Amino acid sequence: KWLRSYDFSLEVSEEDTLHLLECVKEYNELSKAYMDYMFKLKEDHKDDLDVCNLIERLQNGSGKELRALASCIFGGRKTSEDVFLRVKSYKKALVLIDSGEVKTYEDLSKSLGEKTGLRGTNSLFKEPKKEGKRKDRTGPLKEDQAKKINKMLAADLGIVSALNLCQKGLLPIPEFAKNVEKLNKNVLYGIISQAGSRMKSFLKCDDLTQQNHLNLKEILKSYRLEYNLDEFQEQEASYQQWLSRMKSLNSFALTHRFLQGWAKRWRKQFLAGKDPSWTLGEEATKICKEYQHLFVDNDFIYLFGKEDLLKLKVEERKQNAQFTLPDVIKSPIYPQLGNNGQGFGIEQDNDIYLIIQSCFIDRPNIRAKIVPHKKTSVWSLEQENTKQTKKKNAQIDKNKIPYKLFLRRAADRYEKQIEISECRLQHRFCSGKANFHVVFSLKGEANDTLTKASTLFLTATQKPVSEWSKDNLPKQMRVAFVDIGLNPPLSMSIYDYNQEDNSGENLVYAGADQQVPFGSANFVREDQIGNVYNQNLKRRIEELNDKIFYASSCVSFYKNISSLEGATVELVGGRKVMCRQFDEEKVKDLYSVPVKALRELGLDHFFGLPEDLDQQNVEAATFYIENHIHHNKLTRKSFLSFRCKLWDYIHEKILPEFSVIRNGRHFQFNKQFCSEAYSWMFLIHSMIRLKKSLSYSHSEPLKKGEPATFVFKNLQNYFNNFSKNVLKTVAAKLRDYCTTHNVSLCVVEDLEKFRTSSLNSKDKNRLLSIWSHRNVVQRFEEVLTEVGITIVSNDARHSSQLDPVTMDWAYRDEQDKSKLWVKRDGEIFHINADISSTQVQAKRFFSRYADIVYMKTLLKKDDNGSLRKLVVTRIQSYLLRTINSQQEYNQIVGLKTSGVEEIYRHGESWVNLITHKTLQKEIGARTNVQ
RNA sequence: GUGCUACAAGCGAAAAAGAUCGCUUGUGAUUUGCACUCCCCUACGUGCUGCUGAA
DNA sequence: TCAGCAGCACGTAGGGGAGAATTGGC
DNA sequence: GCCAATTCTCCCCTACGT
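Mapping of the first sequence onto the deposited numbering: residues 3 to 350, 352 to 875, 880 to 892, 907 to 951, in sequence order.
What follows is the structure, encoded as structure tokens:
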């Protein structure tokens, strides 16, 4: 049910390593040959209704069928009789039972009779499962047997189709039959299994992509048919003329952003009687004004520009999935040793040795030592491995396939038992020398009833909770609600649910709106397992970060004001350097010159901006720069000095600091989780960006798919590994916290629609690129399913904007993110932010969203100019609970909707966004009074 | 075992490079303590990043 | 404060995978 | 005796917003 991986290096001799390289190359060659032959059969042949059946069985079958057909893909089948009897008997069984004259197992067993293939041990006879149960039978037929006899026959008929292909003279792959003499058959089965898995994945992907292109065609047809663009020939002609006139200019494009902005710009500012021209252009604004006279009262552009977007999107999308064959060094295939593939064994005096069977014939088995891990408390096998006088040497045997390895290191919390039945061989070519690792997976069966039983807390309070979940919840279960903000890495709260007690502070109902008072919940305690550690490290990191951003902005300004294409290499300061020209018909349309960057770098003197300036005024700055160009020569020498000084700054004030703090061994996470790991994660990305600027600058762009000049390996690998380490450490902290406080359920927030718990930066460059919410949730699932604690995700919109107790809209102050200002008795107090988010999520959970404070109502207008303000399952349940709410509703729905807005609740009133922000400002302004 | 976790000089890509990658020699390292589901294949989305143009 | 055109990480969703027991010629 | 070849696939019950 859950498999966790572990990688162990191997130490082998040079002869052994050459043997394994030969084996791996053979695997790759054979796998590529198999997939390529299958592709050739797919393309060249699509007739006879036989090859298509085999491709269908490979596409929609299990590994068991791959093993069944392997005996035909290579060589042949010794016996080809029992399958025909099996398909005949199963066809007759399907014809029977469908008659309905029998309703028992015994009648069917006599109906088949004897010599019906089916060599015992199958579901339709005696259903032995694994025990056999002394030939027990259920009695009457169920539905699942009649359902699955069909897939059983599908498998048998696929094997028959492969038999027919072989008998025709097309199935035995010439390469496989050529190699079969010199290679063991176990290897052939393993290669067939792995290559078939890869090809099945590819075939499903290709099917999905073709269906996607068909769906795109269908949706474009629906769009072009619903809007009747063919009927409006004149409107289409006018729209096409407008598009051509726009495309005449060199600064026009058609995009979803343009269409989204058109509705806000032209449909709104046109009523003011003046042209907005918000970065719209000079000729473009005049053309738009001239053409809009035909459709002043409507919006033809919004409804006409989407067709061209659909056409170009349909053109651009790929048709058939791109096909990659396996390569030993590019697209690796990794042998999966086992009883159905390459043989393997494990033997123990005090070192554990792995014996791998050779690919070829008449070659010895290979012996490796499983080199242990960094600090191994216990490390042992289970079989008796006492030394003797070479009873069997290195023997690979079945009857011992599930090897039992006990291992426990320092970081583990419990002795780990791994039942090896397959082991993966992996090859790495680091430093030009091949090395081998064996990968072992440990398996576990995790109980799967807590998720379903927790689903009863997510019902809408309009229908009774699912009965099968009402009787499976633990009686005295303890829940935890977690928030995963950035600066405080983790913040949780713990609640105690008592089925028996019905008088706790939180009450939960498991029926209609207020019915069946099923239990009650209490609050225990809330914690946060992050701290700032030392403030010096955080201060240094922040200073380096804004220094980096200042330097990057300065280099952007330097590039923008320059020209290039006439760059000169001149020996200045003992270095050849390379600077770009300055005379390029300088224009007065520059952006905000990085005045703060020019302050901090010390480069203002070169450009001669006085102290008298601000951070937004550019016309005065432009005039001052022009006057400096006039009065001062500001020749290429000044630009040369400016560039040299900025390069000197970036190489003597940034890189030494970054190195010295990187090599300082701060993020070792010993006895304390440092909150500065996240700031470091950001700064590594910033460093990558800066070094990219230092690398690709002053270069011609890449052309016609030429290979990339640079790779940026060290820094990228550093960033990735740092992110993985910090995620793992946070997950381990959460797991230990839950397990040390007797928690059975963890509740997380789904925030893809709106993110509030993370940073509130307007720019998206600093979010969803360094820290992934989805990976945090995935790691939590992975590390908690191991111990037996389940996590469930719930909606957390406006989590940190609500009062934990009164459910009022509290104020998130802009100065600090760690204080929420709340009134309860006419006075305002500050409460912890993320802790309060956990509290409100808990309140929403235990009451299964009894009260809502956010709805999206749509404005409805008719030909009479009236308004209706119609609202849009938990929401409908809420209405059904408070206002208790048809034909008039469909009548309003049929009316045209002017637009979509939202309504916010503040007690007994439902307000708009403007007045809601006004009320939040009202509740938050009293902070400065006190 | 990996990863928290590499610094300077040579030379070659190479015509500019203080960036990136590859080699050869230096130099502290040696874990001082934490954690560790790991392989491929798609499609399409983001930003990154140079060159150029626009209000 | 975006536009176009080459490379390029990683997301973000998907798609495969970490097999056991029987049975004739030996 | 015995290893290549060849048949094997269930047992459940669960939500909700984009």
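Ideal placement from N, C-alpha and C gives every residue a C-beta, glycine not left out.
### Message
When you compare the CB positions of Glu-24 and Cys-426, do they come within less than 8 Å of one another, or not?
### Response
Against a cut-off of 8 Å, the Cβ pair of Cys-426 and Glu-24 comes out as no contact.
### Message
Using only the alpha-carbon positions, how far apart do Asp-798 and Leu-114 sit?
### Response
Each residue's CA atom was taken as its position, placing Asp-798 and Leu-114 some 56 Å apart.
### CA-to-CA distance, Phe-661 to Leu-547, given in whole angstroms
For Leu-547 and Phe-661, the distance between alpha carbons rounds to 8 Å.
### Message
Check this for me: beta carbons of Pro-337 and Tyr-36, under 8 Å apart or not?
### Response
No.
### Task
Measuring alpha carbon to alpha carbon, tell me which of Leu-205, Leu-185, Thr-81 ends up nearest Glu-45.
Comparing Cα-Cα distances from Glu-45 to each of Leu-205, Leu-185, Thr-81, the minimum goes to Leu-205.
#### Entry: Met-581 burial status per 10 Å Cβ neighbour count (16 or more: buried)
Exposed: under 16 other Cβ atoms inside 10 Å.
#### Entry: Which listed residue (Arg-370, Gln-398, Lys-562, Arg-871) has its alpha carbon closest to that of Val-14
That would be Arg-370, whose Cα lies nearest to the Cα of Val-14.
### Query
Is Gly-791 closer than 8 Å to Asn-342 when the C-beta atoms are compared?
For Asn-342 and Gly-791, no; Cβs fall outside 8 Å.
### Task
Give every residue of the same chain whose Cβ lies closer than 6 Å to the Cβ of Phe-76, excluding the five residues on either side of it in the sequence, and list them in chain order.
Within the same chain, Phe-76 has close Cβ partners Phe-178, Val-182, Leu-190.
#### Entry: Alpha-carbon to alpha-carbon, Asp-301 and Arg-269
Going by the C-alpha atoms only, they are around 7 Å apart.
### Cβ neighbours of residue 351 in the same chain (closer than 7 Å, five flanking residues each side left out)
Absent here is residue 351, because the residues of the chain run from 350 on to 352 with nothing modelled in between.
### Message
Do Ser-764 and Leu-771 count as a contact pair if the criterion is CB distance below 8 Å?
### Response
Cβ distance not < 8 Å, so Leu-771 and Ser-764 don't count as in contact.
### Message
What does the alpha-carbon distance come out to for the pair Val-932 and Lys-473?
### Response
When rounded, the distance between both Cα atoms is 38 Å.
#### Entry: Same chain, Cβ closer than 8 Å to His-258, neighbours up to 5 away in sequence not counted
Sequence-distant partners of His-258 (beyond 5 residues in either direction) whose C-beta falls short of 8 Å from its own C-beta, in its chain, are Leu-311.
### Reference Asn-745, options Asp-499, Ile-913, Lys-144, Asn-768, closest by Cα
Per the Cα distances, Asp-499.
### Burial state of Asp-299, where buried means 16 or more other Cβ atoms lie within 10 Å
Its Cβ having fewer than 16 others within 10 Å, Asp-299 is exposed.
### Task
Leaving out five residues on either side along the sequence, give the residues of the same chain with a beta carbon under 8 Å from the beta carbon of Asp-84.
Apart from sequence neighbours up to five positions away, the residues of its chain that approach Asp-84 with a beta-carbon distance below 8 Å are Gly-119, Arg-121, ordered along the chain.
### Query
Where do the N-terminal and C-terminal ends of the alpha helix (DSSP H) with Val-729 fall, by residue?
Per DSSP, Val-729 belongs to the alpha helix (DSSP H) from 716-742.
### Query
What residue ranges within the stretch 200-250 form continuous alpha helix (DSSP H) runs of no fewer than 4 residues, ordered along the chain?
235-250, all fully within the stretch 200-250.
### Message
In this structure, how does DSSP classify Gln-531 when only helix, strand and coil are distinguished?
### Response
The answer is strand: DSSP assigns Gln-531 an E or B state.
### Query
So, helix, strand or coil for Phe-86, using DSSP?
When DSSP states are grouped into helix, strand and coil, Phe-86 belongs to the helix group.
#### Entry: Euclidean distance between Cα positions of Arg-59 and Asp-208
The alpha-carbon atoms of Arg-59 and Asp-208 are separated by roughly 16 Å.
### Task
Reducing DSSP to helix, strand and coil, say where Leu-649 ends up.
In the three-state reduction of the DSSP assignment, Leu-649 falls in the helix class, which pools H, G and I.
### Query
Just reading off the beta strand (DSSP E) that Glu-13 is part of, what are its end residues?
Segment 4-13, the beta strand (DSSP E) holding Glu-13.
### Task
Starting from the Cα of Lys-541, find the closest Cα among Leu-686, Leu-658, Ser-595 and give me that residue.
The shortest Cα separation from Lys-541 among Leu-686, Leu-658, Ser-595 belongs to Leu-686.
### Task
Inspect the CB distances between the stretch 266-283 and the stretch 164-174 and report whether three or more fall short of 8 Å.
The stretch 266-283 vs the stretch 164-174: no contact.
### Message
Contact between the stretch 46-53 and the stretch 352-368 is defined here as three or more beta-carbon pairs at a separation below 8 Å; is this criterion met?
### Response
No contact exists between the stretch 46-53 and the stretch 352-368.
#### Entry: Which listed residue (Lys-219, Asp-504, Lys-249) has its alpha carbon closest to that of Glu-318
Checking every option, the nearest Cα to that of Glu-318 belongs to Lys-219.
### Query
Does the distance from the CB of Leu-916 to the CB of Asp-865 come in under 8 Å?
Annotated as proximal: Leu-916 and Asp-865, with beta-carbon spacing under 8 Å.
### Query
Is the beta carbon of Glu-923 sitting closer than 8 Å to the one on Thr-860?
Cβ atoms of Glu-923 and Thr-860: closer than 8 Å.
### Query
Looking at the structure shown, is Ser-523 part of a helix, part of a strand, or coil, going by DSSP?
Strand.
### Where the alpha helix (DSSP H) containing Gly-160 begins and where it ends
Per DSSP, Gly-160 belongs to the alpha helix (DSSP H) from 145-170.
### Runs of alpha helix (DSSP H) lying entirely within the stretch 606-667, each at least 4 residues, in chain order
The qualifying runs are 607-610, 622-634, 639-655, 658-665.
### Query
Looking at the unbroken beta strand (DSSP E) that takes in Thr-936, where does it start and where does it end?
Here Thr-936 belongs to no beta strand (DSSP E); instead the alpha helix (DSSP H) covers 934-950.
### Task
May I ask which residues mark the beginning and end of the alpha helix (DSSP H) holding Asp-549?
538-564 is the span of the alpha helix (DSSP H), which, as asked, contains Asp-549.
### Query
For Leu-143, which residues of its own chain have a beta-carbon under 6 Å away from its beta-carbon, when the five flanking residues on both sides are left out?
Result list for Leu-143: empty, nothing under 6 Å.
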